[PDB]
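Below: one structure, written as structure tokens.
No lab work stands behind these numbers, since they all come straight from the coordinates. Note that each Cβ is placed from the backbone with ideal geometry, even for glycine, and that neighbours are counted across all protein chains shown.
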Amino acid sequence: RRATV
Amino acid sequence: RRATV
Amino acid sequence: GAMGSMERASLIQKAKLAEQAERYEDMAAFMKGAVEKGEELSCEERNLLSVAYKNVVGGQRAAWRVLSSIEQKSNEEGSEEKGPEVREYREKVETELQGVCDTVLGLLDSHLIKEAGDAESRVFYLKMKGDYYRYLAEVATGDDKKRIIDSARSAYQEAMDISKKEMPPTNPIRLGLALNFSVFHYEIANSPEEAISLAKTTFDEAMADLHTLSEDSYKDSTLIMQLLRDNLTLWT
Amino acid sequence: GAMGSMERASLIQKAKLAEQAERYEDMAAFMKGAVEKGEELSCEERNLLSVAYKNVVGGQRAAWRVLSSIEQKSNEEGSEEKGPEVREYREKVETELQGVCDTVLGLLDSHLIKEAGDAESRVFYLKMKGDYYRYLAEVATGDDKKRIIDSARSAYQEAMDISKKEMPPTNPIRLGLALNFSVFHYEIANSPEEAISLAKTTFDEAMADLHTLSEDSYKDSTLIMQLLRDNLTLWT
Ligand SMILES: C=CC(C)(C)OC[C@H]1O[C@H](O[C@@H]2C3=C([C@H](C)COC(C)=O)C[C@H](O)[C@]3(C)/C=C3/[C@@H](COC)CC[C@H]3[C@@H](C)[C@H]2O)[C@H](O)[C@@H](O)[C@@H]1O
Ligand SMILES: C=CC(C)(C)OC[C@H]1O[C@H](O[C@@H]2C3=C([C@H](C)COC(C)=O)C[C@H](O)[C@]3(C)/C=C3/[C@@H](COC)CC[C@H]3[C@@H](C)[C@H]2O)[C@H](O)[C@@H](O)[C@@H]1O
Ligand SMILES: [Mg+2]
Ligand SMILES: [Mg+2]
Ligand SMILES: [Mg+2]
Ligand SMILES: [Mg+2]
Ligand SMILES: [Mg+2]
Ligand SMILES: [Mg+2]
């Protein structure tokens, strides 16, 4: 799953 | 850690 | 309660959805609503009830242990006074945990246990009663501590007596009851020898009964047997 | 609020304890109380606020995605009608998630953003505003959907403009803002080319500025850079 922070 | 269920 | 307007079947369906979503607080609220419809629970429904609350209280207990460890370190020689906050927050988590235990014990007393006549339901509910008194005992420090411990013991002992008379030694509920009562002996009742003896006897008697089982039942029983062995390895 | 009687310093201390105990709901409530004292937040305090709510809403969003997937499968050809329960429970989780987003956006609007003048606080809060509008956009399906999306875009764009003028390309807040705005472009705004271009440009400009950094700052910046690279690998 794509990364966010 | 000891097991409980 | 807030679930009084929802159909029993819808509460059960939503508890299963909550389990899939790992929303254990919701799961527990749905299952409390289902219990409060007043009908007995099926085997699958009992498992949903127990898993929901086991996960809710498991998270609270893990948090309590973190905070209790910090609190103990703060009361050692040389530790800087950091004020009342650690105690206050540990107390907050503790009170919430006690509230959940009281809720579960109330469901069992009103009226799951009194209506449970088959061994598989009665032992299950009495194990739960022992478990939730045991969680109260983990945090208790007052005049009632010994009575909380004896309430856990009494519930476990009744469950043990029924399980030995009415269930095969490989029954997963009988095995899980023995696992938890053994842990009760080890770390609540200051009886490690009793804990070890119970775990060993339970494991050996289950081993001798595996030959009667199908492949699926064999898998189910050996899983909890490995937990008994894990505890014996840790304790010996 | 319920935290009005607790000292600001005690709220911060308890938020740190809650973080250690992985009690993110409590952490968020403590940090909301701290914000509502009306004083600006330090750098460390901003991180506590953002982590608390990121974890609360992260769990809600993960649960929403599980339930939404079940709901979609239930509306396919050949699926047995199971009644309103899946939609109802997805709506319940959705409404709770929206409530948390509204709470965060309210804290930012009253009055964290208007008092934030340094780049490191203003960009941080505007990133948060974009994030929480983005989470609202993930679940939106109504007349206001385009306005929610544009609210996320507008907050991210202001944060981007400040970050490019006032922060080095390796600044972790600037990098994390770019990571999230790129994800916004990819999966909210239907602009994968913009998402890829932003991630690539941000990574390359940060690479070129690493030479100015200490070892500790180098570690901090390269961590988020790897997330940009991870997304580029997934998308290309
Ligand atoms: C929420 C419900 C879902 C996830 C659908 O089912 C949970 C599990 O319920 C079943 O096992 C029970 C079970 C567990 C098993 C050890 C799970 O390991 C398997 C594959 O046996 C752990 C659970 O805490 C539960 C419900 C609880 C108990 C204790 C309850 O004391 C009041 C006594 C022992 C054990 C018994 C009842 C097990 O029989 C199935 O047999 C499993 O397949 C299934 O995963
Ligand atoms: C709850 C607070 C505790 C656990 C004490 O600290 C959390 C982390 O805060 C720090 O990093 C920040 C940070 C993270 C880093 C990527 C963590 O990876 C390290 C070791 O850098 C993830 C966190 O979501 C947080 C607070 C959030 C953000 C985004 C916030 O957008 C509003 C922008 C990018 C990034 C910035 C602010 C990072 O600077 C430290 O540098 C870390 O050491 C530390 O783990
Ligand atoms: Mg009815
Ligand atoms: Mg107390
Ligand atoms: Mg001995
Ligand atoms: Mg004060
Ligand atoms: Mg809705
Ligand atoms: Mg192209």
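Brief remarks follow.
- The residues in region C:36-93 that are free of Cβ contacts under 8 Å to residues at least 40 places away in the same chain and among the aromatic types (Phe, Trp, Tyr) can be counted, and the count is 1.
Yes/no matrix, rows are residues, columns are (1) without any contact (Cβ under 8 Å) to a residue 60 or more places away in the chain; (2) away from chain B (no Cβ under 14 Å); (3) closer than 23 Å to residue C:56 by Cβ:
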residue	(1), (2), (3)
C:129	yes, yes, yes
C:170	yes, yes, no
C:177	yes, no, yes
C:202	yes, no, no
C:218	yes, yes, no
C:226	yes, no, no
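- Residue list for region C:16-34, restricted to those being within 12 Å of another protein chain (Cβ to nearest Cβ) and out of contact with any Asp or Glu (no Cβ under 8 Å at 6 or more places or on another chain): C:16, C:19, C:20, C:21, C:22, C:23, C:24, C:25, C:26, C:29, C:30
- Of the residues making up region C:46-57, at least one is surrounded by fewer than 16 Cβ atoms within 10 Å (Cβ to Cβ), within 19 Å of the chain's Cα centre (by Cα) and in a helix (DSSP H, G or I).
- Candidate set from region D:197-221 (those that are aliphatic (A, V, I, L, M) and in a helix (DSSP H, G or I)); member that is nearest to residue D:174 (Cα to Cα): D:206
- Figure legend. Inter-residue proximity from region C:95-107: first residues within 23 Å of residue C:39 (Cβ to Cβ), second residues among the charged types (D, E, K, R) and away from ligand 4 (no atom under 13 Å from the Cβ), beta-carbon distance below 9 Å, spacing 6+ or different chains. Indicated pairs: C:103/C:32; C:104/C:32; C:104/C:129; C:104/C:131; C:105/C:129; C:107/C:32; C:107/C:36.
- Some residue of region C:50-57 being under 24 Å from residue C:116 (Cβ atoms) and either within 16 Å of ligand 3 (Cβ to nearest atom) or polar (S, T, N, Q) (or both): yes
- Of all residues in region C:22-40 being surrounded by fewer than 22 Cβ atoms within 10 Å (Cβ to Cβ) and either within 16 Å of ligand 4 (Cβ to nearest atom) or not charged (D, E, K, R) (or both), the one that is nearest to the chain's Cα centre (by Cα): C:24
Every residue, every condition in (1) within 16 Å of ligand 1 (Cβ to nearest atom); (2) within 13 Å of chain C (Cβ to nearest Cβ); (3) under 27 Å from residue C:63 (Cα atoms); (4) touching a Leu at 6+ places or on another chain (Cβ under 9 Å), yes or no:
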residue	(1), (2), (3), (4)
D:3	no, yes, yes, yes
D:36	no, no, yes, yes
D:39	no, no, no, no
D:54	no, no, yes, no
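- Which numbered condition residue C:2 fails, given (1) within 22 Å of residue D:86 (Cα to Cα); (2) within 16 Å of ligand 2 (Cβ to nearest atom): (2)
- Filtered residues of region C:179-200 (kept if touching a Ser or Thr at 6+ places or on another chain (Cβ under 7 Å) and more than 11 Å from every other protein chain (Cβ to nearest Cβ)): C:185, C:196, C:198
- For the residues C:10, C:69, the requirement of being under 22 Å from residue C:142 (Cβ atoms), within 12 Å of chain D (Cβ to nearest Cβ), part of a helix (DSSP H, G or I) and more than 16 Å from ligand 4 (Cβ to nearest atom) singles out C:69.
- Number of the condition not met by residue C:88 [criteria: (1) within 14 Å of chain D (Cβ to nearest Cβ); (2) under 12 Å from the mean Cα position of the chain (by Cα)]: (2)
- Here residue C:83 clears all of (1) facing another protein chain (nearest Cβ under 10 Å); (2) in a helix (DSSP H, G or I) except the condition numbered (2).
- Selection of first residues in region D:1-28 that are at positive phi and of second residues that are hydrophobic (A, V, I, L, M, F, W, C) and surrounded by fewer than 19 Cβ atoms within 10 Å (Cβ to Cβ), restricted to Cβ pairs under 9 Å at least 6 apart or on distinct chains, gives the following pairs, ordered by first then second residue: D:22/C:62; D:22/C:66.
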